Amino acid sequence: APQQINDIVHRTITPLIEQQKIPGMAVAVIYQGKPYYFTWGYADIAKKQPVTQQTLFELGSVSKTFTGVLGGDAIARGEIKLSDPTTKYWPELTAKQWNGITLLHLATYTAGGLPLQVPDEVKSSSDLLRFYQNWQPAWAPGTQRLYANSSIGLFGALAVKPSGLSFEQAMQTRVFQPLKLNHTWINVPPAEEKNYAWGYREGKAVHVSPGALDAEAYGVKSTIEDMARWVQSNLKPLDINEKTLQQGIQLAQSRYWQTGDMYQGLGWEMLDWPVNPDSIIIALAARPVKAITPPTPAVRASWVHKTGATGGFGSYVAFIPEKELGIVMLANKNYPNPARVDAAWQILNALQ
């Protein structure tokens, strides 16, 4: 822990925690291929349990980065293609609006206005089919981006079908295990209960509610160590020994669509480095997309990032491959996104 990293981190995070009243927080800075860990406050306020390097936080939508890489791994395996129609992997999807909707569209929120959430009442596999069959698109496929758990969530479920594995089995065996993420869970086991932090929404202790496609969209829990390892894996994919995982990370960081200065990958979102901080610092934001023809392979000169939130948690991951530099910020309160990106910006810009 060099003093350069120590001082900038404590100078940035301490005021953030006070200003946002965050009960507990874990931060990892990846600098020249080594992680540096920082922890504040409480994982459990009532039981006085401190945040540590073993504390599990809910990642929220940062889960979509694991989903995107797993999908990319399936592509590398020759099991799926992003150009394949959705109907190829779900033939019961016989409704005529699904003509021309591909796995890429699901992965990148460009199917034509799939809703932010799968409705809470949708539970069975029959419910899900009925839900997607009855969905009426607002736009043609590949024309507008509308962020949606029902879009990326379905991509994840369909992407693992040719493997013959469940999503959870696929993620564990193809992403978690090979990358040594031994404390990253879709479902937290009883042995890990003590490490599992409580989230805090308006003073109330809360964990993420179960739902359809939760594992695929927002259900991963992890520690600051594993997330630091996840960042390193994404910083330097070609150092990973697994052939298809290496390629799947690169596919997930490819630029498929452009909306202004933002580029949409699989899970990951990117901007050209150097980034105007104002470009990175609303319930529904429909944005027209420019197709990148063909998609640009993972650009090392990039700000790659993803925000995530659940009711009780707020997370943020950001990295710059070119600089071998990254940050993970995990907190057990859902606080404003600009505050996360600002703090991350302050730290990484000081270190680059």
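Throughout, we count residues from 1 along the sequence that is shown.
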Problem set entry | Size class of the missing deposited segment between residue 165 and residue 166 | none
Seminar exercise, completed: Comparing mean C-alpha B factor in the record for 220 to 228 and 184 to 192, the higher one is 184 to 192
Exercise. Which has the higher mean CA temperature factor in the PDB entry, 335 to 343 or 7 to 15?
Worked result: 7 to 15
Problem set entry | Top Cα B factor in the deposited entry, candidates 254, 151, 143, 276 | 276
Exercise. Which one of 214, 121, 73, 269 shows the top CA temperature factor in the record?
Worked result: 121
Seminar exercise, completed: Binned into thirds over the chain's modelled residues, the C-alpha B-factor of residue 178 lands in the middle
For this session: Could you say whether, by C-alpha temperature factor, residue 264 belongs to the lowest, middle or highest third of its chain?
Result: lowest
Exercise. Where does residue 31 sit by CA temperature factor within its chain: lowest, middle or highest third?
Worked result: highest
Exercise. Which third of the chain holds residue 81 when residues are ordered by C-alpha B factor: lowest, middle or highest?
Worked result: middle
Problem set entry | B-factor third for the C-alpha atom of residue 47 within its chain | highest
